[PDB]
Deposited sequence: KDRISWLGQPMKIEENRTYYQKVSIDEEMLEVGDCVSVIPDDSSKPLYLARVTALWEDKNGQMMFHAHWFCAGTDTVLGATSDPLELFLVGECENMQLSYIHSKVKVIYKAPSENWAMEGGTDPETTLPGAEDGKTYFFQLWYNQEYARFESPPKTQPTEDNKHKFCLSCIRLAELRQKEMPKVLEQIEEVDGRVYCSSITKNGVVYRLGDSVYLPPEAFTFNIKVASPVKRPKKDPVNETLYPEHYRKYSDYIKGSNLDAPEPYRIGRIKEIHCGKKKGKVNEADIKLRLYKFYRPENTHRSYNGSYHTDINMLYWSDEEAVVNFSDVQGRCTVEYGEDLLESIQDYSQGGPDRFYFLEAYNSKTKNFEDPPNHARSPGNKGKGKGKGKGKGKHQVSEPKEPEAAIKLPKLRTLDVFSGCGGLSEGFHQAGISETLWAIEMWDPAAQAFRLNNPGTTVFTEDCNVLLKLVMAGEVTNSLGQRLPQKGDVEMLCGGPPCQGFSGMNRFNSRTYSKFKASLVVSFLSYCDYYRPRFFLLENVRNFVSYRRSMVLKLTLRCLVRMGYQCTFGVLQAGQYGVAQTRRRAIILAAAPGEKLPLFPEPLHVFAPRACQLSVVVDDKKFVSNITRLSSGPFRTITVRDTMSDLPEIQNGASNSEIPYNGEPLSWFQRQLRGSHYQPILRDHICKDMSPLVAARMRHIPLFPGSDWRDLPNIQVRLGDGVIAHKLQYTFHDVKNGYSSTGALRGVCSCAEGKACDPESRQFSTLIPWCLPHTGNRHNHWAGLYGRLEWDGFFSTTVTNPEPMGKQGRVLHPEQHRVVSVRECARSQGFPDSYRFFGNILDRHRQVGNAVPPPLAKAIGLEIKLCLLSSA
């Protein structure tokens, strides 16, 4: 075809008398007899100066080598960026590979390949459509990637003492110029302020006390003052770009620290003339930092206007610890997708999407009446079907335009975005999928949701669920759900996100399956916004020993400080156990940035649903006896008799068995409450009733890390455990007591832990409302995901 200097390209070779062609597919026999046949596309054929007869192999990935594993169609191949030069003598045979393109009438459709597989993120995506003697998509992709990845100097200024100063550089698609701000790891530099690093009990009175035996810092931010690099071979050394920066102080970086900055905006900074030198390699991203007064709009409008937007109004003198005005040199010089929300709940997911500005939920389906009503209260514009999604779908299959109540059913073409959180019962744990199990899955609500996707063929598809959706039955639920989306021709991916990293004071890992129709861009998962406890941000998923991660790059830090229980509910009036007045005055102002977001700027004095469960006299007595010291839970309880009302008694727990593992106490007491503490079988009579210290907690404490957290108080500096449908002191994660008051958290406090605005309405009795709040997708999580979809609508 063309004769380069070192290679001669041919269009077609004869291999054992059979022609082979550019465009053709080929098999190569693996050395490892256990591997599937290697299959490739021939992208070039040539001879080298060395007499070797060669081809370039753009390898395919077999289905069984993707997350899909054995669920995948044997005959479906996927494109991947894996290619290399190979000797023609290795070809085993030519193969037929068909490109199954999405029909032009795809929306109405209620070896081969169709998608490109990204093996690091488990993304199936439409193949590039880009068109051309050697054309190899794999090669083209890596080049574009390398070009994107590498540091490059856009503009040099002048050399001064063996260093070229530049006015502009770039890495990963971001152009950084003089005067721009940059994100940097916490340890890139230090502030000149100095920061100093930060009892026995009677064990018969407190017999369980003995069983009592973290978020990183957010980014450093600095304004670029100069950019200078070294030189190599008389040329710019791009592997050596360095930035000299003006340090910005976050409020908690000044002497005020955190206790002095509880009330400041999470995006407010302080100017400083302190300078730091950093390697370009360490720059984690670019951010906008503007002096408040130069703003053409309001700080709030500027702040909510875009991502990575900070501001300052004062400088901070590290030396006199005073805040003067900033020096002069610090100054400067879409259509909404029509959405169907299945398993709508009270609408946490639709609310986040609405906030993102990308969607309008026109239809919601919610079988449970209270939740359906809650959804209507918040969405006057949506047709809400209080109905089982299965019977609604049958009504549409039956040709009905309307249900019996006059409500207009959504039809093909109506639905542009389909979202929902289908309850996945009876798949928990990890035994293998058996034959009957496949029937269970076909009848399941997750399949019903997929059926909606298949019929309505929406542009975008979102399935949210509990973290363990990705692991149920050895990940077969996840694999079958990805397989269904691929079979339909959808682009799709999955990931786990941690709500805490999107601005809520709660540990809540959720599974998320995204899908996009052939013609769209498949969204990315949103980059963490807030730093959160590392132990709660294990987002990777292992499927058949393969570790999958999402595209998320911020694995250690992030733009904003973590949101605490204090940020969440320090402004709420004091209530008692059983409080039931659903409309009360706040009788105070928002104190935190987080409370200002959720309460609004409008004048608004009514506080809704600050009500809590009326715990029994026994549980109320226990709560009153949990100390207010941070971390306190059931192991702090005193072993005392308490008079309950009516004449009833919380009795003393009696210890009459040796715990061979835990030994005697300092008062010479025994520590076992059953014969199993001595290695023996359980005494049937062992159980003790009505005792301030719950008998079952020492009974099995050793086998469950001492049930840490049960009857536990939230910490002001900490975060909520996963917000559940019914907060119980003794459910597994029972850290549901208020930090100070002798009661469980209120419906509203639970709603604030999910990031619900205060105006957000719920419906039904107190347990109905707890259920609605606990089931929801936190609107700040939904919003972050929504904004990723917004990128795909441009």
Problem set entry | Deposited-sequence ranges lacking C-alpha coordinates, in sequence order | 1-10, 121-136, 159-163, 230-235, 251-259, 380-408, 870-872
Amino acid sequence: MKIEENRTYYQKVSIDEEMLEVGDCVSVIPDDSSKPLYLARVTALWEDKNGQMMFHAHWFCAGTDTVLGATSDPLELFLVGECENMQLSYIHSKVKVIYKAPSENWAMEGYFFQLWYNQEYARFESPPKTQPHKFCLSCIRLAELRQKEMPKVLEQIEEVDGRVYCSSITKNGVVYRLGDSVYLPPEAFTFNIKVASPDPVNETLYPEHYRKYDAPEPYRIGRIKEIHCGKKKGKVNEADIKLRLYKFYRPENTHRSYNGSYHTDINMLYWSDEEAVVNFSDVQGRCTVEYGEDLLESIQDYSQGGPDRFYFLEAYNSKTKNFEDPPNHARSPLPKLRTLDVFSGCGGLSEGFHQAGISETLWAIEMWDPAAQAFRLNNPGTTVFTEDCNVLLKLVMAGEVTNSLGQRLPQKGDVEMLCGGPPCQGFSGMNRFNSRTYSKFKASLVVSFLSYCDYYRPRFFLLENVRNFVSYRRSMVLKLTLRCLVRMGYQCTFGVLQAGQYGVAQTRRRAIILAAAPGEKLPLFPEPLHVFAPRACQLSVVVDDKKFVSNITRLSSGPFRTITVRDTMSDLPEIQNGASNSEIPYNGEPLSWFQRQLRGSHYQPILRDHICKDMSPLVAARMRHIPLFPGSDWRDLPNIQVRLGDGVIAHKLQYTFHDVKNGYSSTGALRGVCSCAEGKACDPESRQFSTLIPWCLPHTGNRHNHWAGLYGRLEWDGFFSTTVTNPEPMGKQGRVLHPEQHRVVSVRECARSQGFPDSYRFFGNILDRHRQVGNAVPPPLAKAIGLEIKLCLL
From here on, numbers count along this sequence of modelled residues.
Problem set entry | Stretch with the higher entry mean CA B-factor, where the candidates are 172-180 and 697-705 | 172-180
For this session: On mean C-alpha B-factor from the PDB entry, just flag whether 612-620 or 237-245 is the higher one.
Result: 237-245
Seminar exercise, completed: Scanning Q355, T320, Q114, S665 for peak Cα temperature factor in the entry gives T320
Seminar exercise, completed: The largest CA temperature factor among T339, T288, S89, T568 is found at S89
For this session: State the tercile, meaning the lowest, middle or highest third, of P727 with respect to the CA B-factors recorded for its chain.
Result: middle
For this session: Just say lowest, middle or highest third for the CA B-factor of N765 relative to the other modelled residues in its chain.
Result: middle
Seminar exercise, completed: Of the three thirds of the chain ranked by Cα temperature factor, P30 occupies the highest
Problem set entry | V549, C-alpha B-factor rank within chain (lowest, middle or highest third) | middle
Seminar exercise, completed: Tertile call for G734 (CA temperature factor, within chain, third-based) is the middle
